[PDB]
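1. when you get a sec, could you give me coordinates for this:
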Amino acid sequence: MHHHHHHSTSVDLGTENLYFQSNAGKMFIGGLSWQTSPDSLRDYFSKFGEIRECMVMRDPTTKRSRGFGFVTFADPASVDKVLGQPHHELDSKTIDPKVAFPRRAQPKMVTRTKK
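-> Residues are numbered from 1 along each chain as shown. Below you will find the coordinate block:
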């Protein structure tokens, strides 16, 4: 009665869009350096706790970094340890490592006073 559709022309990978359970637990590392690599971040942060995965935003056009990334800690205790420690130095400069924040809903009424 019902038929399933399949795609034949696929260029991008399909291993991320299936998982929806694991989302929270990541840390957004800001102000990284030009030398800081996802491996460097994993190597540096692995020193505070255990990391599951690391990611640094780069451009395939220039291969240059934007100065921000994330780190996925495999321990809830490491997030606690990092949360208490606000100061983080990398390449002799202070960067902005913080835990992800959720989105909020919208209230009622916008325009109350009409002319």
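
2. now do the SS call for the most centrally placed residue in the chain.
-> Most central in the chain under Cα atoms, centre = their mean is residue 70, positioned 3.8 Å from the mean C-alpha point. For residue 70, the assignment made with DSSP: H, G, I helix; E, B strand; the rest coil gives strand.

3. pretty sure it contacts residue 55?
-> Yes - in this structure residue 70 lies within contact range of residue 55 using Cβ atoms under 8 Å: 4.8 Å. (Each C-beta comes from the backbone N, C-alpha and C, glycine too.)

4. residues in contact with the residue nearest to the centre of the chain?
-> 26, 27, 28, 29, 54, 55, 56 (Cβ atoms under 8 Å, 6 or more residues apart in numbering).

5. what is the nearest of those residues to residue 37?
-> Comparing the contacts of residue 70 against residue 37 with Cβ to Cβ places residue 56 closest, at 6.6 Å.

6. what about the closest one, how many residues nearby?
-> For residue 56, the count of nearby residues is 20 (other Cβ atoms under 10 Å).

7. which SSE is it in?
-> strand 51-58 (DSSP states H and E).

8. contacts for that strand, please.
-> By Cβ under 8 Å, 6+ apart, strand 51-58 touches 25, 32, 36-39, 41-42, 45, 64-66, 68-74, 78.

9. can you rerun that using 10 Å?
-> 22, 25-29, 32, 36-46, 64-75, 78 (Cβ atoms under 10 Å, 6 or more residues apart in numbering).

10. could you list the paired strands of that strand along with their orientation?
-> Partners of strand 51-58 in the sheet, by DSSP bridges, are strand 65-73 (antiparallel).

11. is residue 30 in contact with residue 65, as I believe?
-> No - with contact defined as Cβ atoms under 10 Å, residue 30 does not reach residue 65; the gap is 11.8 Å.

12. please identify which of those two sits among more neighbours.
-> residue 65 (18 against 14).

13. contacting residues for the more buried one?
-> Neighbouring residues of residue 65 by Cβ under 10 Å, 6+ apart: 32, 33, 34, 35, 36, 37, 38, 56, 57, 58, 59.
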